[PDB]
$ cat work.cif   # mmCIF, C-alpha atoms (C1' of nucleotides) and all ligand atoms
data_model
#
loop_
_atom_site.label_atom_id
_atom_site.label_comp_id
_atom_site.auth_asym_id
_atom_site.auth_seq_id
_atom_site.Cartn_x
_atom_site.Cartn_y
_atom_site.Cartn_z
CA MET A 1 -151.02 146.95 -118.53
CA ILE A 2 -148.56 147.12 -115.61
CA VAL A 3 -145.46 149.34 -115.92
CA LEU A 4 -142.54 149.31 -113.43
CA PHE A 5 -140.26 152.32 -113.82
CA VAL A 6 -136.80 152.33 -112.21
CA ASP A 7 -134.99 155.59 -111.41
CA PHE A 8 -131.43 155.49 -110.00
CA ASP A 9 -131.10 157.81 -106.99
CA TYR A 10 -128.76 160.86 -107.31
CA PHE A 11 -126.98 158.58 -109.78
CA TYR A 12 -123.80 160.37 -110.67
CA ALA A 13 -123.11 161.38 -107.00
CA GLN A 14 -124.17 157.93 -105.76
CA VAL A 15 -121.69 156.21 -108.13
CA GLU A 16 -118.94 158.55 -106.77
CA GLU A 17 -119.95 157.46 -103.30
CA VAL A 18 -119.81 153.78 -104.13
CA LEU A 19 -116.37 154.23 -105.50
CA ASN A 20 -115.28 156.40 -102.46
CA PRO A 21 -117.42 155.47 -99.47
CA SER A 22 -115.69 158.20 -97.45
CA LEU A 23 -118.03 160.58 -99.34
CA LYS A 24 -120.99 158.96 -97.71
CA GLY A 25 -122.90 161.40 -95.50
CA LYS A 26 -121.33 164.44 -97.14
CA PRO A 27 -122.78 166.84 -99.73
CA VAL A 28 -121.42 165.84 -103.08
CA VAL A 29 -121.73 168.00 -106.23
CA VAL A 30 -120.81 166.56 -109.61
CA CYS A 31 -119.82 169.32 -111.95
CA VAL A 32 -119.20 170.10 -115.62
CA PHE A 33 -116.26 172.49 -115.58
CA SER A 34 -116.29 174.62 -118.82
CA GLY A 35 -112.65 175.79 -118.93
CA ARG A 36 -113.33 179.59 -119.16
CA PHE A 37 -112.03 180.34 -115.66
CA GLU A 38 -111.58 178.89 -112.14
CA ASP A 39 -114.94 177.23 -111.37
CA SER A 40 -116.74 178.27 -114.53
CA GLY A 41 -119.34 175.70 -115.34
CA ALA A 42 -122.52 174.07 -114.01
CA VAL A 43 -123.76 171.40 -111.69
CA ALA A 44 -124.79 168.13 -113.35
CA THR A 45 -126.28 166.71 -110.17
CA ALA A 46 -125.79 166.54 -106.43
CA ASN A 47 -126.71 164.06 -103.73
CA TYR A 48 -129.58 164.75 -101.23
CA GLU A 49 -127.22 166.23 -98.64
CA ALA A 50 -126.29 168.96 -101.15
CA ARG A 51 -129.82 169.29 -102.58
CA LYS A 52 -131.39 169.89 -99.16
CA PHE A 53 -129.62 173.22 -99.18
CA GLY A 54 -130.60 174.23 -102.72
CA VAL A 55 -127.60 172.91 -104.70
CA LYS A 56 -129.22 171.38 -107.77
CA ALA A 57 -128.64 170.46 -111.38
CA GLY A 58 -128.11 173.44 -113.65
CA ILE A 59 -126.98 176.14 -111.29
CA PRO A 60 -123.54 177.65 -111.71
CA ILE A 61 -120.68 175.97 -109.84
CA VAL A 62 -119.91 179.43 -108.41
CA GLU A 63 -123.39 179.73 -106.86
CA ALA A 64 -123.24 176.25 -105.39
CA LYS A 65 -119.99 177.12 -103.69
CA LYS A 66 -121.53 180.28 -102.12
CA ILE A 67 -124.14 177.97 -100.55
CA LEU A 68 -121.94 174.96 -99.70
CA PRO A 69 -118.27 176.06 -99.71
CA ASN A 70 -117.10 172.91 -97.93
CA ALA A 71 -119.04 170.36 -100.07
CA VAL A 72 -117.12 167.84 -102.21
CA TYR A 73 -117.04 169.15 -105.81
CA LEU A 74 -116.14 166.43 -108.33
CA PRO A 75 -115.76 166.59 -112.11
CA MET A 76 -118.26 164.58 -114.14
CA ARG A 77 -116.95 161.09 -115.13
CA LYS A 78 -119.84 160.05 -117.41
CA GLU A 79 -118.00 157.12 -118.95
CA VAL A 80 -117.69 155.72 -115.38
CA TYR A 81 -121.40 156.23 -114.65
CA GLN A 82 -122.29 154.79 -118.08
CA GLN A 83 -120.47 151.51 -117.32
CA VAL A 84 -122.20 151.22 -113.93
CA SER A 85 -125.48 152.13 -115.59
CA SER A 86 -125.01 149.45 -118.29
CA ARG A 87 -124.47 146.77 -115.66
CA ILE A 88 -127.68 147.78 -113.82
CA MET A 89 -129.76 147.77 -117.03
CA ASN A 90 -128.52 144.21 -117.64
CA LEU A 91 -129.86 143.26 -114.25
CA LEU A 92 -133.28 144.74 -115.11
CA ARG A 93 -133.44 142.76 -118.42
CA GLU A 94 -133.67 139.60 -116.25
CA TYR A 95 -137.11 140.77 -115.08
CA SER A 96 -138.59 141.54 -118.48
CA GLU A 97 -137.64 141.43 -122.21
CA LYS A 98 -140.01 144.38 -122.71
CA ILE A 99 -137.74 147.10 -121.37
CA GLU A 100 -137.29 150.71 -122.33
CA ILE A 101 -133.99 152.32 -121.34
CA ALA A 102 -134.95 155.99 -121.35
CA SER A 103 -131.63 157.42 -120.18
CA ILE A 104 -128.49 156.63 -118.33
CA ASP A 105 -130.62 156.31 -115.16
CA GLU A 106 -134.18 155.49 -116.00
CA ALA A 107 -135.81 152.38 -117.39
CA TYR A 108 -139.35 151.28 -117.97
CA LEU A 109 -140.37 147.61 -117.63
CA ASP A 110 -143.67 146.19 -118.99
CA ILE A 111 -144.30 143.49 -116.44
CA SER A 112 -147.91 142.86 -117.57
CA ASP A 113 -147.01 139.22 -118.33
CA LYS A 114 -144.97 138.66 -115.12
CA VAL A 115 -147.33 139.67 -112.32
CA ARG A 116 -151.15 139.44 -111.99
CA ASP A 117 -151.77 142.54 -109.90
CA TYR A 118 -150.12 145.43 -108.09
CA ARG A 119 -149.40 143.30 -105.01
CA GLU A 120 -147.12 141.03 -107.06
CA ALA A 121 -145.86 144.12 -108.98
CA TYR A 122 -144.87 145.79 -105.65
CA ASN A 123 -143.19 142.56 -104.56
CA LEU A 124 -141.40 142.38 -107.91
CA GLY A 125 -140.39 145.97 -107.11
CA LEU A 126 -138.70 144.97 -103.86
CA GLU A 127 -137.03 142.04 -105.62
CA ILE A 128 -135.46 144.40 -108.20
CA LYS A 129 -134.33 146.99 -105.60
CA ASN A 130 -132.72 144.32 -103.50
CA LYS A 131 -131.04 142.75 -106.49
CA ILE A 132 -129.49 146.07 -107.54
CA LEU A 133 -128.43 146.91 -104.00
CA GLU A 134 -126.82 143.50 -103.69
CA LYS A 135 -124.97 143.51 -107.00
CA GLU A 136 -123.90 147.15 -107.37
CA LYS A 137 -124.71 148.76 -103.99
CA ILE A 138 -126.84 151.33 -105.75
CA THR A 139 -130.23 152.34 -104.34
CA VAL A 140 -133.05 153.15 -106.78
CA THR A 141 -136.67 154.26 -106.75
CA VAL A 142 -139.39 152.13 -108.22
CA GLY A 143 -142.64 153.62 -109.43
CA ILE A 144 -145.45 151.33 -110.52
CA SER A 145 -148.66 152.13 -112.42
CA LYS A 146 -150.85 151.51 -115.51
CA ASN A 147 -148.75 153.54 -117.98
CA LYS A 148 -145.30 155.17 -118.32
CA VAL A 149 -146.44 158.62 -117.23
CA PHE A 150 -147.91 157.58 -113.90
CA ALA A 151 -145.16 155.02 -113.15
CA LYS A 152 -142.73 157.91 -113.44
CA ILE A 153 -144.91 160.31 -111.39
CA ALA A 154 -144.99 157.53 -108.81
CA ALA A 155 -141.22 157.31 -108.62
CA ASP A 156 -141.12 161.12 -108.48
CA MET A 157 -143.26 160.91 -105.39
CA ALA A 158 -141.33 158.12 -103.69
CA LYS A 159 -137.71 159.10 -104.30
CA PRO A 160 -135.12 158.60 -102.98
CA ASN A 161 -134.75 154.87 -102.19
CA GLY A 162 -138.53 154.40 -102.55
CA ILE A 163 -141.12 152.24 -104.21
CA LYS A 164 -144.68 153.38 -104.90
CA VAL A 165 -147.75 152.00 -106.60
CA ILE A 166 -150.34 154.35 -108.10
CA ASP A 167 -153.53 152.15 -108.56
CA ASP A 168 -156.54 153.00 -110.83
CA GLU A 169 -158.17 155.01 -108.07
CA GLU A 170 -155.17 157.28 -107.44
CA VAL A 171 -154.81 157.81 -111.17
CA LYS A 172 -158.35 159.27 -110.98
CA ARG A 173 -157.40 161.17 -107.82
CA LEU A 174 -154.23 162.54 -109.46
CA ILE A 175 -156.10 163.57 -112.58
CA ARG A 176 -158.14 165.76 -110.28
CA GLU A 177 -155.55 166.95 -107.78
CA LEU A 178 -152.03 166.58 -109.22
CA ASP A 179 -150.57 169.92 -110.20
CA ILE A 180 -150.31 169.94 -114.04
CA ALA A 181 -146.82 171.35 -113.67
CA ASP A 182 -145.72 168.00 -112.24
CA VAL A 183 -146.84 166.21 -115.42
CA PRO A 184 -143.81 164.88 -117.43
CA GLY A 185 -143.34 167.01 -120.59
CA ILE A 186 -144.79 170.20 -119.04
CA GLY A 187 -142.09 172.81 -118.42
CA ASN A 188 -142.27 176.43 -117.19
CA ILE A 189 -143.20 177.77 -120.60
CA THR A 190 -146.05 175.33 -121.08
CA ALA A 191 -147.03 175.42 -117.36
CA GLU A 192 -147.33 179.13 -117.51
CA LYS A 193 -149.76 178.89 -120.39
CA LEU A 194 -151.82 176.13 -118.83
CA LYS A 195 -151.90 177.87 -115.38
CA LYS A 196 -152.76 180.88 -117.48
CA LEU A 197 -155.92 179.39 -118.82
CA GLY A 198 -156.88 178.29 -115.34
CA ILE A 199 -155.69 174.83 -116.19
CA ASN A 200 -153.97 173.77 -112.98
CA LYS A 201 -154.96 170.13 -113.21
CA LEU A 202 -155.27 167.46 -115.92
CA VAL A 203 -159.13 167.57 -115.63
CA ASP A 204 -159.31 171.23 -116.63
CA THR A 205 -158.10 170.23 -120.15
CA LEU A 206 -161.31 168.29 -120.74
CA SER A 207 -163.71 171.23 -120.18
CA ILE A 208 -161.73 173.83 -122.19
CA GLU A 209 -162.40 174.19 -125.91
CA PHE A 210 -159.97 171.96 -127.85
CA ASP A 211 -158.93 174.52 -130.47
CA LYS A 212 -158.17 176.84 -127.64
CA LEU A 213 -155.87 174.41 -125.81
CA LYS A 214 -154.24 173.48 -129.09
CA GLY A 215 -153.90 177.13 -129.99
CA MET A 216 -151.81 177.80 -126.89
CA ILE A 217 -149.69 174.59 -126.53
CA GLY A 218 -149.94 172.96 -129.97
CA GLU A 219 -151.78 169.84 -131.14
CA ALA A 220 -149.45 167.08 -129.85
CA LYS A 221 -149.17 168.46 -126.35
CA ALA A 222 -152.99 169.04 -126.12
CA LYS A 223 -153.83 165.48 -127.24
CA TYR A 224 -151.28 164.17 -124.77
CA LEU A 225 -152.66 166.04 -121.77
CA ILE A 226 -156.22 165.25 -122.85
CA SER A 227 -155.54 161.53 -123.32
CA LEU A 228 -153.98 161.55 -119.81
CA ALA A 229 -156.97 163.41 -118.38
CA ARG A 230 -159.35 160.88 -119.94
CA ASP A 231 -157.26 158.13 -118.34
CA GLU A 232 -156.85 156.84 -121.91
CA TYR A 233 -153.10 157.29 -122.31
CA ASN A 234 -151.24 154.31 -123.76
CA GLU A 235 -147.68 154.44 -125.06
CA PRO A 236 -146.02 151.16 -125.51
CA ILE A 237 -142.70 150.33 -123.86
CA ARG A 238 -140.26 149.84 -126.71
CA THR A 239 -136.54 149.49 -127.36
CA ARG A 240 -135.13 152.97 -127.72
CA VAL A 241 -132.61 153.25 -130.51
CA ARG A 242 -130.25 156.20 -130.52
CA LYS A 243 -131.25 158.75 -133.20
CA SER A 244 -128.31 161.14 -132.93
CA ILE A 245 -124.82 161.51 -131.52
CA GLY A 246 -122.96 164.74 -131.14
CA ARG A 247 -120.72 166.86 -129.01
CA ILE A 248 -120.63 170.57 -128.28
CA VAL A 249 -117.79 172.43 -126.51
CA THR A 250 -117.46 175.82 -124.81
CA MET A 251 -114.86 178.09 -126.34
CA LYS A 252 -112.38 179.81 -123.99
CA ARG A 253 -113.59 183.15 -125.40
CA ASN A 254 -116.64 184.14 -127.38
CA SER A 255 -116.02 184.59 -131.10
CA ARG A 256 -117.21 184.85 -134.66
CA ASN A 257 -113.78 184.38 -136.29
CA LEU A 258 -113.82 181.28 -138.49
CA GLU A 259 -110.17 180.24 -137.99
CA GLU A 260 -110.46 180.65 -134.23
CA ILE A 261 -113.73 178.51 -134.05
CA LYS A 262 -112.37 175.76 -136.32
CA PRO A 263 -110.17 174.02 -133.72
CA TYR A 264 -113.19 173.63 -131.41
CA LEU A 265 -115.46 172.48 -134.22
CA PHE A 266 -112.82 169.97 -135.26
CA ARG A 267 -112.32 168.51 -131.81
CA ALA A 268 -116.09 168.26 -131.47
CA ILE A 269 -116.12 166.29 -134.76
CA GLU A 270 -113.32 163.99 -133.50
CA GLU A 271 -115.15 163.08 -130.28
CA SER A 272 -118.45 162.64 -132.16
CA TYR A 273 -116.90 160.27 -134.64
CA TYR A 274 -115.41 158.21 -131.87
CA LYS A 275 -118.81 157.93 -130.17
CA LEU A 276 -120.46 157.10 -133.47
CA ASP A 277 -118.74 153.73 -133.20
CA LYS A 278 -119.80 151.66 -136.22
CA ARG A 279 -122.71 153.98 -137.07
CA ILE A 280 -122.64 155.83 -140.36
CA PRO A 281 -124.61 159.10 -140.31
CA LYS A 282 -126.16 160.54 -143.45
CA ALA A 283 -126.94 163.88 -141.70
CA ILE A 284 -124.79 166.44 -139.97
CA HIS A 285 -125.77 169.56 -138.04
CA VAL A 286 -123.42 172.25 -136.78
CA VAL A 287 -124.83 173.70 -133.59
CA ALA A 288 -123.80 177.05 -132.13
CA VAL A 289 -124.81 178.53 -128.82
CA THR A 290 -124.55 182.29 -129.24
CA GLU A 291 -123.30 184.87 -126.70
CA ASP A 292 -126.76 185.32 -125.27
CA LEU A 293 -127.35 181.56 -124.93
CA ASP A 294 -129.64 181.33 -128.01
CA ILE A 295 -129.17 178.04 -129.96
CA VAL A 296 -128.61 178.32 -133.72
CA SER A 297 -127.97 175.45 -136.21
CA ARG A 298 -127.52 174.50 -139.85
CA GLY A 299 -127.46 171.01 -141.25
CA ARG A 300 -127.33 168.88 -144.32
CA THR A 301 -128.47 165.39 -145.24
CA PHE A 302 -126.58 163.36 -147.86
CA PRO A 303 -127.77 160.45 -150.01
CA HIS A 304 -124.85 158.45 -148.57
CA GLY A 305 -122.90 158.11 -145.34
CA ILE A 306 -120.60 160.92 -144.14
CA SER A 307 -116.90 160.15 -143.89
CA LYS A 308 -114.92 161.95 -141.20
CA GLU A 309 -113.27 163.87 -143.97
CA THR A 310 -116.61 164.96 -145.49
CA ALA A 311 -117.75 165.87 -141.93
CA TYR A 312 -114.85 168.28 -141.63
CA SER A 313 -115.38 170.15 -144.88
CA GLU A 314 -119.18 170.28 -144.66
CA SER A 315 -119.03 171.37 -141.02
CA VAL A 316 -117.00 174.40 -142.04
CA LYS A 317 -119.56 175.29 -144.79
CA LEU A 318 -122.41 174.96 -142.30
CA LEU A 319 -120.52 177.08 -139.77
CA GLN A 320 -119.97 179.74 -142.50
CA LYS A 321 -123.65 179.64 -143.16
CA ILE A 322 -124.34 180.38 -139.49
CA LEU A 323 -121.72 183.15 -139.45
CA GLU A 324 -123.15 184.80 -142.51
CA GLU A 325 -126.80 184.57 -141.47
CA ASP A 326 -126.44 185.76 -137.89
CA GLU A 327 -124.38 188.74 -136.64
CA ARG A 328 -124.05 187.47 -133.05
CA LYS A 329 -120.85 185.87 -131.59
CA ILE A 330 -120.59 182.16 -130.72
CA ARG A 331 -119.90 180.88 -127.20
CA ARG A 332 -120.22 177.13 -127.72
CA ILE A 333 -119.76 175.16 -130.94
CA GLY A 334 -120.51 171.60 -131.92
CA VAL A 335 -122.06 169.07 -134.22
CA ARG A 336 -124.71 166.41 -134.11
CA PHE A 337 -124.88 163.36 -136.43
CA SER A 338 -128.10 161.53 -137.36
CA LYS A 339 -130.03 159.41 -139.92
CA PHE A 340 -127.75 156.43 -139.48
CA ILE A 341 -127.28 153.79 -142.09
"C1'" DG B 1 -153.74 169.08 -148.26
"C1'" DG B 2 -150.36 166.82 -146.82
"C1'" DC B 3 -145.40 164.83 -147.27
"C1'" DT B 4 -140.41 166.28 -146.89
"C1'" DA B 5 -136.31 169.15 -145.22
"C1'" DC B 6 -134.78 172.39 -142.47
"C1'" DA B 7 -134.52 175.68 -138.43
"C1'" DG B 8 -136.16 176.88 -134.07
"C1'" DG B 9 -138.87 175.68 -129.39
"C1'" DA B 10 -139.47 173.15 -125.59
"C1'" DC B 11 -138.39 169.53 -122.49
"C1'" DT B 12 -135.91 165.68 -119.94
"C1'" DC B 13 -132.28 163.96 -117.42
"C1'" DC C 1 -123.82 182.88 -113.84
"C1'" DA C 2 -125.63 180.14 -117.13
"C1'" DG C 3 -122.51 172.42 -119.09
"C1'" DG C 4 -123.84 168.65 -121.92
"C1'" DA C 5 -126.52 165.11 -124.52
"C1'" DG C 6 -130.38 163.66 -126.69
"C1'" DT C 7 -135.82 163.58 -128.24
"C1'" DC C 8 -140.06 165.13 -130.11
"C1'" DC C 9 -142.93 168.69 -132.25
"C1'" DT C 10 -144.00 172.81 -135.16
"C1'" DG C 11 -143.89 176.71 -138.60
"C1'" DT C 12 -142.55 177.65 -143.24
"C1'" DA C 13 -141.67 176.64 -148.04
"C1'" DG C 14 -141.01 173.32 -152.07
"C1'" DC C 15 -143.33 169.91 -154.38
"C1'" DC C 16 -146.84 166.26 -156.03
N1 LIG A 401 -129.63 169.58 -115.90
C1 LIG A 401 -129.21 168.30 -115.71
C2 LIG A 401 -130.01 167.40 -115.03
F1 LIG A 401 -131.17 167.79 -114.56
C3 LIG A 401 -129.61 166.09 -114.84
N2 LIG A 401 -128.32 165.72 -115.24
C4 LIG A 401 -127.90 164.31 -115.22
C5 LIG A 401 -128.50 163.43 -116.35
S1 LIG A 401 -128.57 161.86 -115.56
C6 LIG A 401 -128.20 162.39 -113.92
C7 LIG A 401 -129.27 161.85 -112.99
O1 LIG A 401 -129.00 162.46 -111.72
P1 LIG A 401 -130.07 162.40 -110.54
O2 LIG A 401 -130.51 160.98 -110.35
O3 LIG A 401 -129.34 163.19 -109.51
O4 LIG A 401 -131.34 163.18 -111.11
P2 LIG A 401 -132.83 162.98 -110.49
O5 LIG A 401 -133.19 161.63 -111.00
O6 LIG A 401 -132.73 162.90 -108.97
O7 LIG A 401 -133.73 164.10 -110.92
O8 LIG A 401 -128.32 163.82 -113.98
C8 LIG A 401 -127.57 166.60 -116.01
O9 LIG A 401 -126.47 166.22 -116.44
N3 LIG A 401 -127.99 167.88 -116.18
CA CA A 402 -134.02 160.63 -113.27
CA CA A 403 -132.26 159.59 -110.92
CA CA A 404 -142.74 170.77 -114.71
#

$ encode --input "work.cif" --output "C-alpha cells"
Amino acid sequence: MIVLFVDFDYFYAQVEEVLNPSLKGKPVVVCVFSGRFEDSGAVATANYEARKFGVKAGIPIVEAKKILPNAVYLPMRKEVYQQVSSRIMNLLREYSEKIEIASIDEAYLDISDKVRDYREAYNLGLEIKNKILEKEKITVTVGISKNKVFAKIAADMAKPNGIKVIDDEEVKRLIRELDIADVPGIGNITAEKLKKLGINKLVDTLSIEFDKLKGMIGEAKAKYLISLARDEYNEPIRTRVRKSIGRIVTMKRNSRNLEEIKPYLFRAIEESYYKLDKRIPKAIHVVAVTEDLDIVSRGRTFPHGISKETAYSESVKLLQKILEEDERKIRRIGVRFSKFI
DNA sequence: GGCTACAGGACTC
DNA sequence: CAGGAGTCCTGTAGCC
C-alpha cells in the first residue's frame, strides 16, 4: 500500500496570514480567550516565528505574552479556518476517492492505485503541494509511506512546507532508532511507562514479555506498538464519520450552584444543537471540568432521538447527578451529543 | 466469558 | 496558568 498524508502548516496562523499578508514574517499567536479576565485563556497554535521562541499550543496566553510581548495575538476564528480547510480537502479528493479527513488540517490519501512506486508518489506529492499553493496560497507538508503511522511520522519530520518519503528500509531503520515517544498515540503517561521498562524504541516491545507490556499500557496499545514493531501494521484509510458533537464553556467564576451553572449549560446546549445540523442524537452527556481540572461526566442514551427540549431537562438531571456525586466545584460546563440516528 | 452501558484515562490536533 | 473539540480504549457491573 502507498499512503500520502497531508498536514497543513501552522494552519490557523497561516490562514490569518493569507487573509492579512501584513502578518507575514511576524510571530502570530491564535488564542482561545476564556472570558475570566484580561488575557485569560490558552494558545490554540502559533506560526513558526512564534514557536521558535517557545510559544506553542496549550500554554497560557499570559505566558506567551511574557515571552513575546510584541507578537500579534488573534482570537480563534475556527469557522473561517473550517471553510478554508473544506476547500483544501475538496482539492485533495481530486487525487484519490480513498481519502481520510482526520481533522481540520490532516488528511490521509491511499494512492496505491494511482502511482506504481515512491518516485511517482513523491511526484504526486509535489503536484498536490503546488495545487494547494496555487489555489489557496496555503503551504502544507506531505509525508509518504506504507501505512498511516509512518506517513504521518514522515510529515512530522519534514514540516513545515516539506515532503518526505519513508521507504521500506527506513521503516526498518525507524523501528530500531526512532524514539518511541515520537510514535503517534504515545503520550507522556504512556512514554513514561515504556521508557520505564527500558522500551525506548519500537523493537524493544518485541523482546519484552507480552503480558508485561499489556499489564502496563493495556492490550490495544501493546498490540498496536507490537504490530508496528513487526512492520505488520495495516489500518485502512476510510471515510471518517463524526461520532459526537458538543460544546463546553468556561464559567466566569467557579461554582456548584445549580441555578448559576444553568445559563452556561443552556448556551452550550444551544450551540451544540446548531452544530448538530440535521443529526438526531440518541445520547447526551453533560461534561464538567472541576476546579482542579479533573473531567467528570454523566450521560444517558434514549431509545429515540433527543429533542432540544428533552436535551434541556435531561441535561439538568445529569448535572444534578454530577453535583450530588462529587463535592468539588465546576469550572467549565458542557454537553456532548452522540449515537446519531 | 463475553456483550452492553456507563464513567474515567489517555491522546491528538 | 491551565481553551476547545473530538476519538478510542478500559475497568466495573448487569445480564444472557
Ligand atoms: N492543543 C492544541 C493543539 F495542539 C492544536 N490545536 C489546533 C487543532 S488544528 C490546529 C493545527 O495547527 P498547527 O498546524 O499549528 O499544528 P501542527 O500541525 O503544527 O502540530 O491546531 C488546538 O486547537 N489546540
Ligand atoms: Ca497537524
Ligand atoms: Ca498542521
Ligand atoms: Ca509523544

$ closest_residue --input "work.cif" --among "A:29, A:260, A:80, A:188" --to "ligand CA 404 (chain A)" --atoms "all atoms listed in the file"
A:188

$ axis_aligned_box --input "work.cif" --around "ligand LIG 401 (chain A)" --padding-each-side "8 Å" --output "AutoDock Vina command-line options"
--center_x -130.1 --center_y 165.3 --center_z -112.7 --size_x 23.3 --size_y 24.6 --size_z 23.5

$ residues_near_ligand --input "work.cif" --ligand "ligand LIG 401 (chain A)" --cutoff "6 Å" --atoms "all atoms listed in the file" --output "JSON, numbers by chain"
{"A": [8, 9, 10, 11, 12, 44, 45, 46, 57, 58, 104, 105], "B": [13]}

$ residues_near_ligand --input "work.cif" --ligand "ligand CA 403 (chain A)" --cutoff "12 Å" --atoms "only C-alpha atoms (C1' of nucleotides) and all ligand atoms" --output "ChimeraX atom specification"
/A:5-15,44-48,57,81,85,102-107,138-142,152,155-156,158-162 /B:12-13

$ closest_residue --input "work.cif" --among "A:311, A:242, A:190, A:283" --to "chain B" --atoms "only C-alpha atoms (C1' of nucleotides)"
A:190

$ interface_residues --input "work.cif" --of "chain C" --to "chain A" --cutoff "8 Å" --atoms "all atoms listed in the file" --output "list in words"
residues 1, 2, 3, 4, 5, 6, 9 and 10 of chain C

$ atom_distance --input "work.cif" --atom1 "atom CA of residue A:301" --atom2 "atom CA of residue A:100"
28.6 Å

$ residues_near_ligand --input "work.cif" --ligand "ligand CA 404 (chain A)" --cutoff "12 Å" --atoms "all atoms listed in the file" --output "PyMOL selection string"
(chain A and resi 153+156+178-192+194-195+200) or (chain B and resi 10-12)

$ residues_around --input "work.cif" --residues "residue A:204" --least-positions-apart "2" --cutoff "12 Å" --atoms "all atoms listed in the file" --output "mmCIF file with C-alpha atoms, in the coordinates of the input"
data_model
loop_
_atom_site.group_PDB
_atom_site.id
_atom_site.type_symbol
_atom_site.label_atom_id
_atom_site.label_comp_id
_atom_site.auth_asym_id
_atom_site.auth_seq_id
_atom_site.Cartn_x
_atom_site.Cartn_y
_atom_site.Cartn_z
ATOM 1 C CA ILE A 175 -156.100 163.570 -112.580
ATOM 2 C CA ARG A 176 -158.140 165.760 -110.280
ATOM 3 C CA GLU A 177 -155.550 166.950 -107.780
ATOM 4 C CA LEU A 178 -152.030 166.580 -109.220
ATOM 5 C CA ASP A 179 -150.570 169.920 -110.200
ATOM 6 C CA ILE A 180 -150.310 169.940 -114.040
ATOM 7 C CA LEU A 194 -151.820 176.130 -118.830
ATOM 8 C CA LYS A 195 -151.900 177.870 -115.380
ATOM 9 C CA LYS A 196 -152.760 180.880 -117.480
ATOM 10 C CA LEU A 197 -155.920 179.390 -118.820
ATOM 11 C CA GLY A 198 -156.880 178.290 -115.340
ATOM 12 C CA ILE A 199 -155.690 174.830 -116.190
ATOM 13 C CA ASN A 200 -153.970 173.770 -112.980
ATOM 14 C CA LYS A 201 -154.960 170.130 -113.210
ATOM 15 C CA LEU A 202 -155.270 167.460 -115.920
ATOM 16 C CA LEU A 206 -161.310 168.290 -120.740
ATOM 17 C CA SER A 207 -163.710 171.230 -120.180
ATOM 18 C CA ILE A 208 -161.730 173.830 -122.190
ATOM 19 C CA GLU A 209 -162.400 174.190 -125.910
ATOM 20 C CA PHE A 210 -159.970 171.960 -127.850
ATOM 21 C CA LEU A 213 -155.870 174.410 -125.810
ATOM 22 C CA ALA A 222 -152.990 169.040 -126.120
ATOM 23 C CA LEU A 225 -152.660 166.040 -121.770
ATOM 24 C CA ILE A 226 -156.220 165.250 -122.850
ATOM 25 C CA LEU A 228 -153.980 161.550 -119.810
ATOM 26 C CA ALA A 229 -156.970 163.410 -118.380
ATOM 27 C CA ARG A 230 -159.350 160.880 -119.940
#

$ atom_distance --input "work.cif" --atom1 "atom CA of residue A:120" --atom2 "atom CA of residue A:171"
18.9 Å

$ residues_around --input "work.cif" --residues "residue B:3" --least-positions-apart "5" --cutoff "12 Å" --atoms "only C-alpha atoms (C1' of nucleotides)" --output "list in words"
residues 14, 15 and 16 of chain C

$ write_last_selection --input "work.cif" --atoms "C-alpha atoms (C1' of nucleotides)" --output "compact mmCIF listing (two decimals), keeping the file's coordinate frame"
# COMPACT_ATOMS: atom_id res chain seq x y z
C1' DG C 14 -141.01 173.32 -152.07
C1' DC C 15 -143.33 169.91 -154.38
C1' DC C 16 -146.84 166.26 -156.03

$ atom_distance --input "work.cif" --atom1 "atom CA of residue A:261" --atom2 "atom CA of residue A:333"
7.6 Å

$ residues_around --input "work.cif" --residues "stretch 317-326 of chain A" --least-positions-apart "3" --cutoff "8 Å" --atoms "all atoms listed in the file" --output "ChimeraX atom specification"
/A:256,258,285-286,296-299,313-314

$ write_last_selection --input "work.cif" --atoms "C-alpha atoms" --output "PDB file, keeping the file's coordinate frame"
ATOM      1  CA  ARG A 256    -117.210 184.850-134.660  1.00  0.00           C
ATOM      2  CA  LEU A 258    -113.820 181.280-138.490  1.00  0.00           C
ATOM      3  CA  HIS A 285    -125.770 169.560-138.040  1.00  0.00           C
ATOM      4  CA  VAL A 286    -123.420 172.250-136.780  1.00  0.00           C
ATOM      5  CA  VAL A 296    -128.610 178.320-133.720  1.00  0.00           C
ATOM      6  CA  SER A 297    -127.970 175.450-136.210  1.00  0.00           C
ATOM      7  CA  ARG A 298    -127.520 174.500-139.850  1.00  0.00           C
ATOM      8  CA  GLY A 299    -127.460 171.010-141.250  1.00  0.00           C
ATOM      9  CA  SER A 313    -115.380 170.150-144.880  1.00  0.00           C
ATOM     10  CA  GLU A 314    -119.180 170.280-144.660  1.00  0.00           C
TER      11      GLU A 314
END
